[PDB]
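What follows is a short report on a single structure.
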Amino acid sequence: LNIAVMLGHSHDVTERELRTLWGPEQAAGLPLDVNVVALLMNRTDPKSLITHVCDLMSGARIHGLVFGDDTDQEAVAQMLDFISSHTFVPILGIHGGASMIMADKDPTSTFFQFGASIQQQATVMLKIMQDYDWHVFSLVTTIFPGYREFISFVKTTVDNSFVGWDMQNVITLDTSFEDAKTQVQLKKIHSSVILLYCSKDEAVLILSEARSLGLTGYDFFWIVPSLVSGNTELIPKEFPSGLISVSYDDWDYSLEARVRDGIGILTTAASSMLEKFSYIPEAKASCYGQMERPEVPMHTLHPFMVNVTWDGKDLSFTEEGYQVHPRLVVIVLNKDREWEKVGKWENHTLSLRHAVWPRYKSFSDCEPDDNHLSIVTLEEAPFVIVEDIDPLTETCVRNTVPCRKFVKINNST
Amino acid sequence: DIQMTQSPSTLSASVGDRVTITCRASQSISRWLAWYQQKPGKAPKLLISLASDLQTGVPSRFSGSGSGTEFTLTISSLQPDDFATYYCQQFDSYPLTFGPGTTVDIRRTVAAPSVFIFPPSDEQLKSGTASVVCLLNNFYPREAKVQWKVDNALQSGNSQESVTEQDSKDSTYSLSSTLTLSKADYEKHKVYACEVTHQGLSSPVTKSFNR
Amino acid sequence: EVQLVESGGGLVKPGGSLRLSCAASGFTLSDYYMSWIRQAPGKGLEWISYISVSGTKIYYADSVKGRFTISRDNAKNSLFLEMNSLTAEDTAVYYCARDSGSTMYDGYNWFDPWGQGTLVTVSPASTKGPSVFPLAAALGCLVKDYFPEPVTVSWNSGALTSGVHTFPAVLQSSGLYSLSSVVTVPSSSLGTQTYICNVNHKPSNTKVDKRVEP
Amino acid sequence: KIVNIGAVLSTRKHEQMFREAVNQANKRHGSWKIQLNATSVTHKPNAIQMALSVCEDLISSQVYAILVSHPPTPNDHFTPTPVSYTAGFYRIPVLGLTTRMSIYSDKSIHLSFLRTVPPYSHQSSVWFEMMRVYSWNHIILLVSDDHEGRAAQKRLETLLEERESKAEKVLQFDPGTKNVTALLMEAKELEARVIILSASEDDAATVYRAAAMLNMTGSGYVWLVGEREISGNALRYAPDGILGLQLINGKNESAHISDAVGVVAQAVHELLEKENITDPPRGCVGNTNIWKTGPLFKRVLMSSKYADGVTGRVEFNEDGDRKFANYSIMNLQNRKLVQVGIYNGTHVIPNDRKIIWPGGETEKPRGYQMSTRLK
Ligand SMILES: *[C@@H]1O[C@H](CO)[C@@H](O[C@@H]2O[C@H](CO)[C@@H](O)[C@H](O)[C@H]2NC(C)=O)[C@H](O)[C@H]1NC(C)=O
Ligand SMILES: *[C@@H]1O[C@H](CO)[C@@H](O)[C@H](O)[C@H]1NC(C)=O
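Next up, the structure:
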């Protein structure tokens, strides 16, 4: 009921108060949002975070909170999940320390994030690969346990070939970068769209090795996950302009919009909880001196958040806590080493094109573009036949080469 | 070391009533504490482990609680077989200090204690040792402040008090306040006062004696 | 069923040596920890020491440190306790119980099950006849400076039962117990109604009967 | 050379023993003018208070490593999750003496986490090796719907794929369910006999009772349940003939803390003799900087070798887990635990004790049951 919100910079007090006032009034919610509290802080010390959360727990009985950290620390999300598990407060992750989602929430926890999980990120990457006329691919990763889950998901999706593009050869090796592994692995099975999937330092080393080898230039592109492009303003010199990354950012939304949808989801969940069983759940009076076991006399908000609709722009969450419809836009590095938004995976879990064809951006060391050329063709009748891709099984080109066309709506335009 | 204090030392309750035992440790010992039940004339038996786990073969009525430095034992319903002495032993560190007694028993009523004093007999006087015993009877609870004021002087280190057990039928108590003195010292004294402070007799009735 | 048998106790003069045998049944003693704990009459319980599986780590209590010896026999499944330089503070019942060191991992030290135990008492005196000293409103009889173990006392050869109750024996510094047999009677019962307290100490077979007079 | 060790030890006797081990390690092996400092803090039941106290008493004391032990108490959590998460904000390595949870195995959830005991990965490895050497080719997995169960299932599947073998049924049940009769009937309606079980104590007791009431304790059934299900009601209701595990040395706190102190001292000495080490922040509150030598310390600990410990050679896998840990194949006999098999150096050495199977079997059964009812 008396929800809370936090932020690191930008919107300090007035904007947050205005958004929290405008949110609930847009719907005829049965509970009455009496007041909200906004907290502004620079540092994100774990003890300071715990003290602030317990203070918010004492006054107004918590009843949910929004965390707006600005530092890029992965452990902030873990600490927030631990706090939510051990004090039973619904928390929604926002940009900052909770931008990346990699921890597995315990059943006793009621913590959620607006980040994109690995399972859906792979699907978005494959949907992007469906466009740009890409069918053959090969991925290289490391031995991290989280990466192995991604590899298993990719293998299962490849085995799930009843619909979509025909699956090509996939060979995966993941170990150290020495003892003659990276060079031979890159030399073998290198046809198109080589995928890179590892941490910051490993990605830098792999891209440096690729630059030192014959895998750079106007050749096949490279696709990296969201964790590789952790910061949009951090561009190492070893990253070629041809890198492709998929990650939600502020080019299509803003922190104000994110906190607005978060508070709307929280209000809808509170209303659903209030109407369903008896009333809005309460919270523990104090966070210290809990001799009794951490029982759950109340009911969790998971059934009230798995399928919640709010003004059509809702973001439903799965059972694991991952949101069903993340923004998760795709960014391709510019020729001058900048990240530009290209495509939006928000419209009914479908990728976009952004009217940006896969132009082969030159790297730091320019090479002649005598590889692609341009072969203009005309559809007369017997030698060229114009056909559209059938949305069935392959749903793309299977034997015929791809083709381009232009439409005509009005004669004047 | 670690010293555990149980308050009150002696307590009583009726059958079917909730029973609460408070155990307080000198320092914070987390939850490393165990409970025992010692029948009169029988060895103690373990009931609760880690102050939160119920041992097998123990009725579910027993339920421990508490953490850190304060511990609490709660019984949902008192039963006749639960009348015994309880302790809260801790195993936080060596030495394995043991908690004090609890003395769980029955509550009958508030009855005025009976106080009697008996002078030594002639044969006892001529035997070379003379002792004066002050009788305590039908006093609830077992606690009864009894002291000797001989020759208007405080007496300590010689008086002996012994209580057998609560009566099974009338739920009464019997205590023998035996005073140990030499025959010459006994003869030199005449006022063997025995003042008793108890719930039944709020006034400190003094059993002054004379030759 | 697990039962622990305690034996080897008895009467030992102060400064002597005694051996206590703790018989373990229903389980293998080699894969469990054992401890000795004493409880003085009317006082609390005091832990003495524990014996490890390897037998190279024993924590003697500070009150009895450097005086007692503990040994175990895996083949016999019995625990042997050796005590030396017994004093007045050693007059307590010693119980051997299965510890909890091997229960889950280590550290836990709850004791279960508990055997019947044995009583160890020090007394610098042999068997001697009781010296019953009667007393003289109610009447009672006091038995002082007697040993061995207490003997039941009956009033009027058992005819009198109203208020007839003895008290636990109290050990003195000389090794002799002491208790008083007190019967609650009305103040008007003095003289008119006779009262004789009968003491028949079984070990000494002494028929000590002392009349009570005002 | 002003290194300090905070560590988290249960009770107080463990703290004193840890201090004594630290002093002994200071007075042995590589000894300098000032090797390190000894500190400790109790593992209080309250998670929030424990985390804040640990941060205050460790970060401000300039700690390089912390040893945390997890008691096996089922009633209360007492988990190392709060201390591990607080240490995860910085890059201070931690060691789990008695951490049997597989949640900490993943590096994304716990970045700067290490331990000296494999939760269930080496248990599954022992299961696979015993199955291979005892001529078994059928697996009935009873993994519960929990993180550790899923991790064990994934490890078992990866091990099976090495020999191109696959379990005929990997059915899973939610924890705390009282209707496992349908799952047991589905297991009966199969071609397998060997059953692999991994669940909590209450779930193990429930499935044991269901098996007893469904005549699953007879001949032809082999149980290879883990160590976690040989205690409490699980041990009370466990049918005779279950081949469990013991984890030799019995997660001994003394041995584990001695090994941890030795490894920490060796790693600190190597780091001091190798290059500079960044000083930890002077306070738990005030700065959010990431330690610049934390990953280096983690790599040194991963590559650290310790052969003078109780378990001989001590090394860490890619996930910071003990390698070649000692395990004992414990077989229940007449409601008593009897040692039969010993696991050491990825070897299986059965002893003279006979491994009696459920139903009073004298010979080795078979995992393949020819139903001759091919629908
Ligand atoms: C070195 O260790 C000693 C203890 O072995 C520290 O002295 C005390 O340690 C406790 C924690 O065990 C703290 O709570 C106290 O505040 C410490 N006392 C003082 C006066 O600080 C000592 O601080 C340690 N020194 C360093 C530099 O780590
Ligand atoms: C732990 O090991 C030490 C020596 O390695 C030993 O002395 C001690 O008894 C062991 N602890 C247990 C509970 O066996």
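Chains as they are written, first to last, in the deposited numbering: chain A, 34 to 446; chain F, 1 to 211; chain E, 1 to 136, 147 to 224; chain D, 25 to 399. For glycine and all other residues, C-beta sits at the position ideal for the given N, C-alpha and C.
- When the Cα atoms are used, residue 242 (chain D) and residue 389 (chain D) turn out to be separated by approximately 12 Å.
- Residue burial is scored here from C-beta neighbours: residue 439 (chain A) has fewer than 16 other C-beta atoms within 10 angstroms and is therefore classed as exposed.
- For residue 276 (chain D), the distance from the CB to the nearest heavy atom of ligand 2 is below 7 Å.
- Around the beta carbon of residue 399 (chain A), fewer than 16 other beta carbons sit within 10 angstroms, so the residue counts as exposed.
- Along the segment 91-108 of chain E, going in chain order, the ones with a CB nearer than 8 Å to a CB of chain D are 102, 104, 105, 106 and 107.
- Sequence-distant partners of residue 169 (chain D) (beyond 5 residues in either direction) whose C-beta falls short of 8 Å from its own C-beta, in its chain, are 196, 197, 198 and 199.
- Contact residues of the segment 313-334 of chain A toward chain D are 320, 321, 322, 323, 324, 326 and 327 (C-beta to C-beta distance below 9 Å).
- Against chain D, the CB of residue 111 (chain A) has a partner CB under 8 Å away; the residue lies at that interface.
- DSSP places residue 165 (chain E) inside the beta strand (DSSP E), whose first and last residues are 163-165.
- Placement of the Cβ of residue 57 (chain E) at a distance of less than 7 Å from at least one heavy atom of ligand 2 is found.
- Taking the C-beta atoms as reference points, residue 98 (chain F) is found nearer than 8 Å to residue 47 (chain E).
- Annotation: the segment 261-286 of chain D contains the following complete segments of the beta strand (DSSP E) (minimum length 3 residues), in chain order: 267-269.
- Contact check for residue 87 (chain D) and residue 304 (chain D): beta-carbon distance about 6 Å, within the 8 Å limit, so the pair qualifies.
- For the segment 51-77 of chain F, the set of positions with a beta-carbon nearer than 8 Å to some beta-carbon of chain D reads 52, 53, 56, 67 and 68 in chain order.
- With 16 or more other Cβ atoms inside 10 Å of its own Cβ, residue 334 (chain A) counts as buried.
- DSSP places residue 145 (chain F) in no alpha helix (DSSP H) but in the uninterrupted beta strand (DSSP E) bounded by 145-150.
- At least one CB of chain E lies nearer than 8 Å to the CB of residue 34 (chain D).
- The beta carbon of residue 142 (chain A) is closer than 6 Å to those of 114, 117 and 118 in its chain, skipping five residues each way along the sequence.
- With contacts defined by Cβ atoms closer than 8 Å, residue 171 (chain A) and residue 191 (chain A) do not form a contacting pair.
- Contact of residue 221 (chain A) with chain D is not assigned, every C-beta pair being separated by 8 Å or more.
- If you compare the alpha carbons of A:68, A:319, A:311 and A:133 with that of residue 105 (chain A), the shortest gap goes to A:133.
- Judged by the Cβ position, residue 54 (chain E) qualifies as a neighbour of ligand 2 at the 7 Å threshold, a heavy atom of the ligand being closer than this.
- Distance from the Cα of residue 171 (chain D) is smallest, within the candidate group D:269, D:226, D:107 and D:124, for D:124.
- When C-alpha distances from residue 73 (chain F) are compared across F:25, F:88, F:83 and F:81, the shortest belongs to F:88.
- The alpha carbon of residue 13 (chain F) has as its nearest neighbour, out of F:105, F:129 and F:25, the alpha carbon of F:105.
- Taking 8 Å as the CB threshold, residue 176 (chain F) stays off the interface with chain D.
- Closest option to residue 195 (chain F), judged by alpha-carbon separation, among F:127, F:187, F:189 and F:204: F:204.
- Look at residue 69 (chain D): its C-beta is under 8 Å from a C-beta on chain F.
- Judged by beta-carbon spacing, residue 51 (chain E) lies beyond the 8 Å limit of residue 45 (chain E), meaning their Cβ atoms are not closer than that value.
- Taking the Cβ of residue 273 (chain D) as the reference point, every heavy atom of ligand 1 lies at 7 Å or farther away.
- Per DSSP, residue 3 (chain E) is one residue of the beta strand (DSSP E) stretching across 3-7.
- At least one heavy atom of ligand 1 falls within 7 Å of the beta-carbon of residue 26 (chain D).
- In summary, the residues of the segment 92-108 of chain D whose CB is separated from some CB of chain F by less than 7 Å are 97, 99 and 100, in the order they occur in the chain.
- Chain order gives the chain A residues near residue 342 (chain D) as 176, where near means a beta carbon separation below 7 Å.
- Under a 10 Å Cβ-count criterion, residue 34 (chain E) is classified as buried, with 16 or more other Cβ atoms of the shown protein chains found around its own Cβ.
- The segment 278-326 of chain A contains, as complete alpha helix (DSSP H) runs of 4+ residues, the segments 288-309 (chain order).
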